[PDB]
Protein chains: 2
Amino acid sequence: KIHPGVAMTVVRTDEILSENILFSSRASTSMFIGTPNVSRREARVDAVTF
Amino acid sequence: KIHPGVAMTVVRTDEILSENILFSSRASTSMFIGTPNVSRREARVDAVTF
């Protein structure tokens, strides 16, 4: 336990799970929404999937 | 053609084509019958199979 003639600096990164807030003003972003589309995958004997 | 000192027993199986009679009583089973339905399977360079 003798000190050599050179000192050190240590560096280590740590990770946090954090819970945030988000403010957004009124009427800030504008959206344009379309009508959706259907399409049927071919017939499976017991069920049909759209 | 001298007898070796041991005999042998030979086993064969044989197949017979035959006609048959099947008797089934009255109302022995219940058949439930669903509607027939169609779906495409391939499309080759020339034709389409269903």
# chains A, B, ... in the order shown; residues from 1 in each chain; ligands from 1

$ calpha_fit_rmsd --fixed "chain B" --moving "chain A"
3.3 Å

$ interface_residues --of "chain A" --to "chain B" --cutoff "10 Å" --atoms "only C-alpha atoms" --output "NGL selection string"
:A and (42-45)

$ select_by_dssp --residues "chain B" --states "strand (DSSP E)" --output "ChimeraX atom specification"
/B:42-43,48-49

$ write_last_selection --atoms "N, CA and C atoms" --output "PDB file, in the first residue's frame"
ATOM      1  N   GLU B  42     -52.762 -21.681 -57.561  1.00  0.00           N
ATOM      2  CA  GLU B  42     -51.581 -21.243 -58.293  1.00  0.00           C
ATOM      3  C   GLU B  42     -51.940 -20.218 -59.350  1.00  0.00           C
ATOM      4  N   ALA B  43     -50.898 -19.686 -59.971  1.00  0.00           N
ATOM      5  CA  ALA B  43     -50.992 -19.037 -61.267  1.00  0.00           C
ATOM      6  C   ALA B  43     -49.676 -19.284 -61.973  1.00  0.00           C
ATOM      7  N   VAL B  48     -54.409 -20.848 -64.597  1.00  0.00           N
ATOM      8  CA  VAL B  48     -54.751 -20.616 -63.203  1.00  0.00           C
ATOM      9  C   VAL B  48     -55.504 -21.835 -62.705  1.00  0.00           C
ATOM     10  N   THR B  49     -55.093 -22.379 -61.570  1.00  0.00           N
ATOM     11  CA  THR B  49     -55.740 -23.561 -61.021  1.00  0.00           C
ATOM     12  C   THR B  49     -56.542 -23.202 -59.783  1.00  0.00           C
TER      13      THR B  49
END
